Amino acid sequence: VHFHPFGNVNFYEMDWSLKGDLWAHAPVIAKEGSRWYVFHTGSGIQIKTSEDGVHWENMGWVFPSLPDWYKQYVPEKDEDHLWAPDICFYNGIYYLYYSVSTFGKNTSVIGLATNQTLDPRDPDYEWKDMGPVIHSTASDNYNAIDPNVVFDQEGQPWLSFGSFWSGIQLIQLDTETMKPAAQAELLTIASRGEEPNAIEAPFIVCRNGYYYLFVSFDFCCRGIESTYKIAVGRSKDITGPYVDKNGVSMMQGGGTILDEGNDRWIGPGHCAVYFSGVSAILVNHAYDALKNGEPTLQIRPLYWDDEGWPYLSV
């Protein structure tokens, strides 16, 4: 995809036995030139870099000091952790969306930071605070966190996001501002139909005339007791209805489970999917049962069957 470019690398031929600094929650990846970059949850948005995409090293962060406008949306926030970023490349600019919120509340706001390049060595490197994208107050029936941008086949950028409450939301973005028009309609596209509504961290990709919505089911942030599961559904239209393998709509708890974790890597969640030629990778974090259940970066090749459904190799 033009907005998540990786060149001519072949993900299927690579060894994904990662090493280095791998602690990470809700990681996303981008490649510029010969450098790989991971952005994840943490103080001012944490950054990791790699030469090959296998050996990772912690670098700095996007915001050394948090913008004052956050307080207008989340006055109660007392720490500097920004959550689940999303990265895309468009018109020579890198758009980094992130979440500003407080655990358990829907008084949240998704912000946008842009940069001309991802390489700090370049004179043009500067993460600019481009303000709020969309927000939720306690009166809203949705939570404005966990953003993901996807450009449909027709070149139209869309923003999906959401966590609990009414579920996964979808809204059109304008190409110029890369923000929703003031009167853009907000549409709900996935929900467990349960209470609490444990669905979040949406990620949409388009493959062979189909849009695939990956989401995280159940619970996070509990170490080895996390119950996260990665689920997926698809639709011919970006707006839905997204349905799973059994024909069940994702608005009614539908979703085909891609990974439920195991006894070594618990509760895999907050995924991202990238392509390069005929290859693809699934990126996510999982709790390390061998290291105090710390959120750990995971990258695995992602295949697709004859029916078009994705699956992880063994």
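In case it trips you up, residue 1 is the first one in the sequence shown, and so on.
Averaged over their C-alpha atoms, the temperature factors of 143-151 and 223-231 are higher for 223-231. Comparing 70-78 with 100-108, the stretch with the higher mean C-alpha B-factor in the PDB entry is 70-78. The PDB entry assigns its highest CA temperature factor, among 162, 132, 209, 180, to 209. Reading the B-factor column for the CA atoms of 289, 29, 286, 26 in the entry, the top value corresponds to 289. Ranked by C-alpha B-factor against the other modelled residues of its chain, residue 205 falls in the middle third. Looking at the C-alpha B-factors along this chain, the one for residue 270 belongs to the lowest third.
In the PDB entry, a CA B factor belonging to the highest third of its chain's modelled residues is recorded for residue 64. Per the PDB record, residue ranking by Cα B-factor puts residue 276 in the highest third of the chain. Among all modelled residues in this chain, the alpha-carbon of residue 49 has a temperature factor (C-alpha) in the middle third.
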